[PDB]
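Note sheet for the following structure.
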Number of protein chains: 2
Amino acid sequence: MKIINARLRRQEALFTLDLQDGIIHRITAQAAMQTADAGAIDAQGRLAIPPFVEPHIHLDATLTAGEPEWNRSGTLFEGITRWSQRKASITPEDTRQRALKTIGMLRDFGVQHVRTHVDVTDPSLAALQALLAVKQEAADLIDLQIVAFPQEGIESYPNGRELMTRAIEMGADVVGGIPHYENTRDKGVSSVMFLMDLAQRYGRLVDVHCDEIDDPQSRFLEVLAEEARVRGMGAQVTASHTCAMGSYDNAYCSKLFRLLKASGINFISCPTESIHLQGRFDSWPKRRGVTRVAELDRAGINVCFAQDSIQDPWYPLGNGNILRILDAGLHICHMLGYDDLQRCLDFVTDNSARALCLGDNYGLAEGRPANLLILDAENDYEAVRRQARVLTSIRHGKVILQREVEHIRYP
Amino acid sequence: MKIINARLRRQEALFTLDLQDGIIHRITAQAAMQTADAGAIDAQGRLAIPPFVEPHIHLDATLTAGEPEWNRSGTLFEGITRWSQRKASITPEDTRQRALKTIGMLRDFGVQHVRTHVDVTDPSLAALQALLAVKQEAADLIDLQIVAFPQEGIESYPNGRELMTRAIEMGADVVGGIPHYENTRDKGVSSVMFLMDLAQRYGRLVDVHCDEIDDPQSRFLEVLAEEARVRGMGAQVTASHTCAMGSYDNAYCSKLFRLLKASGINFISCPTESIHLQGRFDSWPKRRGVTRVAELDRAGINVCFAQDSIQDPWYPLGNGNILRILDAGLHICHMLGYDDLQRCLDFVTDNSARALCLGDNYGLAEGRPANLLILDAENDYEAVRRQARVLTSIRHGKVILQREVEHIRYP
Ligand SMILES: Cc1c[nH]c(=O)nc1N
Ligand SMILES: Cc1c[nH]c(=O)nc1N
Ligand SMILES: [Fe+2]
Ligand SMILES: [Fe+2]
């Protein structure tokens, strides 16, 4: 399959892309806009990019908003209470159906890489079972990673350590955690030591719900980053929801950044979720409660954006569109500068792929898998400004989605 | 013309709407979904609403971002400096071209009512001249209101009072202001006394850039509300950008609400703009900087959302889509409760029409103008969750915009 007249990110030239046997066989710069060629796909000057990534979503809880009742306070903690109620009626078939629907939404919006957290503080491990199967069933659409996420705590929930271990043995690819939610500070610390030992013993990645709270003294991030640094596993470690960093003492935070850089760990921010769940315990002025995304990125630390929730006990909205999240993130994090906008797609493509350790299985380079999108925009700035539609999604060299270009009629 | 199978807001039944001679002739509930009729428009269960309203935009400055240089700090004050530079090359024809392009964007997204601020601290009054003409030229698409907006101050800019007066005499429908930007507190107060006297002398509406600053002592809102209350002109007065209220002392703000309610004035919030321009003088934690929208609404005070800028010296993004702004507002203002979501379109339709004093020239009621939209969603919640496309826009009984329903193919 051939694509002509395609823009690539942050370049002025038009390119032809040759796809063959499921891989990118050739990328060639063109002298100028070319007339059509033997039923090649004409990008018509539109941007070709690698697929969008959703590096952090909770597929087990998706589409369960209001069951059996609503999160009235809009807080993390009531969300957990409501989820606990919902868990009493989780079945594998229920989970499968909701997960597949939400995966469909993500596919519709160009996402081909997904990392889902699954609550393993559930003695049935029903959702985990369903999602491990879904990983195989939906492989034609996405590459799914699964995180063993101990929602109610490792040290603070009955048999939490056994459940984490069992989840990993069952085949979860990533070790999760929630140290800020453990019952005492010391148990928060021991939970991080445990989960890092677990990941090392079974050779898994790590992605931890780190400090998802507005408390300036929630500092489990330092424990996680130090373990990653000492163990030499930074590239394999992600800190999600470091919301407390947005409230840290500034002298401490400056000192902390030295460790963060040295550790090599990744960061995920969920700006629509955090703007909703954070700042709930302030009056006025009301803090944003989002981590220091612009500052991490300027420091050379890999950070990216994620949806987190779609219609679940924590967040009543969501539609699968990562460009909406990008927009939110750029506004809330004060990243609407000219230079920011020219490369903003980094935060929902390249940087996210790095967090998921996709390596050579991601990116528009010869020899890599033929997974790519054609976006209805010519550069990063226009993509976010217009919320550009995904016109074509190609996966393993085949078109799996085709949208018509929007046409408006006037009198 | 006839529309069948239409939902109306916050109602379960389907409705047929009969439009004749530019007005709504009849609205009738149906027993159920009906098969198509004699060239009737089939809403197919989609929502019919009165048009979106853009109650606060700066059309004189639209599409000038980066000219002659960029707002690097992303602040209100640097924006004013950049605009001051751009004013040196403003012409009526330049203004007309940019304004008409942005009006086209608003039309594409179902806006039929627009209130634009125009900077009248410009001895040429060039943009105002162009926009008064545009008001007539674009009448086929929108009903435009023009605010005489003294960007560089009434008391603090050469001949500011003369310029305000001349702008009103030229035909600006609304008197503007910027008391928080006046050089001293006493001049901020005198500016409000002057602009209210001006509005009364000429019988005009009022819409003031009130306290667009994170300073908890910026309290010109109380002066404006008191003048409106005393003069009995509450309904004709709007306070835009009361960002400082998001930082007020809470005891003061409680006392203040008593006056705000009694005064009857309207409020406009610009959440995407304020999240960008506000919080810039904090470090961490970083305030949201948006007025107390949910609290105003709960108190029975009319409040609504607006875009403010499209690609201008203050804000680099913008596409005309008020639903994007609604989404932002609901998130930043903590209004994602179930009750909130079921009526959220209030903030971009009914409430905004009230701010603009549209009266019986707005709304789906028999006898009123046949101005309405068909949205690709069945209720308020779905409209914001899906960012529903405007499928049809009808103005004065005629279709002025038609979109085809998005169709995705899966090969
Ligand atoms: C969605 C979600 C679930 N659970 C949690 O601890 N945090 C979240 N953001
Ligand atoms: C856009 C804009 C222009 N001028 C101003 O004073 N405030 C604004 N938000
Ligand atoms: Fe999460
Ligand atoms: Fe404004």
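FYI, side chains are in, hydrogens and waters are out, and symmetry mates aren't considered; it's all heavy atoms of this structure. Naming: A, B, ... by sequence-line order, numbering from 1 per chain. We count ligands from 1, going down the list as the structure has it; atoms in each ligand are counted the same way.
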### Query
Is it true that a side-chain atom of B:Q145 and a backbone atom of B:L356 form a donor plus acceptor pair closer than 3.5 Å?
yes
### Query
Among the N, O or S atoms that A:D308 has, which is closest to the Fe ion (ligand 3)?
OD1
### Message
How large, to 10°, is the angle at the Fe ion (ligand 3) when you draw lines to NE2 on A:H58 and to NE2 on A:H209?
### Response
90°
### Task
Kindly say whether A:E78 contributes a backbone atom to a donor-acceptor pair with the side chain of A:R72 at under 3.5 angstrom?
no
### Query
For ligand 2, is there an N or O atom under 3.5 Å from any N or O atom of B:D312?
no
#### Entry: Qualifying residue for side chain to side chain donor-acceptor pair (under 3.5 Å) with A:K87, from A:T64, A:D122, A:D60, A:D119
A:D119
### Task
Report yes if some heavy atom in the side chain of A:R82 is under 4.5 Å from a heavy atom in the side chain of A:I80; otherwise report no.
no
### Query
Nearest heavy-atom pair of A:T121 and A:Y157: which atoms, and what distance?
O-OH, 3.3 Å
#### Entry: Centroid-centroid under 6.0 Å between B:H58 and B:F149 rings
yes
### Message
Within the 4.5 Å heavy-atom criterion, are B:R219 and B:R185 side-chain neighbours or not?
### Response
no
### Task
Could you tell me which atoms of ligand 2, counted from 1 in the order shown, lie closer than 4.0 angstrom to a heavy atom of B:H241?
9 (N)
### Query
Side chain, backbone, both or neither: which part of B:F149 has a heavy atom under 4.0 Å from ligand 2?
side chain
#### Entry: Nearest-neighbour protein heavy atom for atom 8 (C) of ligand 1, which is reported as residue plus atom name and distance
A:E212 OE1, 3.5 Å
## Note on the structure
For A:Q151, the atoms of ligand 1 under 4.0 Å from one of its heavy atoms are 3 (C), 4 (N), 5 (C), 6 (O)
### Contact check, side chains of B:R280 and B:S73, non-hydrogen atoms, under 4.5 Å
no
### Message
Need the ligand 2 atom indices (1-based, order shown) with element for anything under 4.0 Å from a heavy-atom of B:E273.
### Response
1 (C), 9 (N)
### Query
Which residue and non-hydrogen atom of the protein lie closest to atom 9 (N) of ligand 2, and at what distance in Å?
B:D308 OD2, 2.6 Å
### Message
Only heavy atoms of B:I178, strictly under 4.0 Å: list the atoms of ligand 2 that pass.
### Response
6 (O)
### Query
Looking at ligand 1, does any of its N/O atoms fall within less than 3.5 Å of an N/O of A:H58?
no
#### Entry: B:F220 ring center near B:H209 ring center (under 6.0 Å)
no
### Query
Strictly under 2.8 Å, is any N, O or S atom of A:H241 next to the Fe ion (ligand 3)?
yes
### Query
At a 4.0 Å threshold, what atoms of ligand 2 neighbour a non-hydrogen atom of B:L76?
5 (C), 6 (O), 7 (N)
### Query
Can you find an N or O of B:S309 that's nearer than 3.5 Å to an N or O of ligand 2?
no
### Query
N/O/S of A:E212 less than 2.8 Å from the Fe ion (ligand 3)?
no
### Task
Please determine if A:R86 and A:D94 form a salt bridge, counting it only when a charged side-chain N lies under 4.0 Å from a carboxylate O.
yes
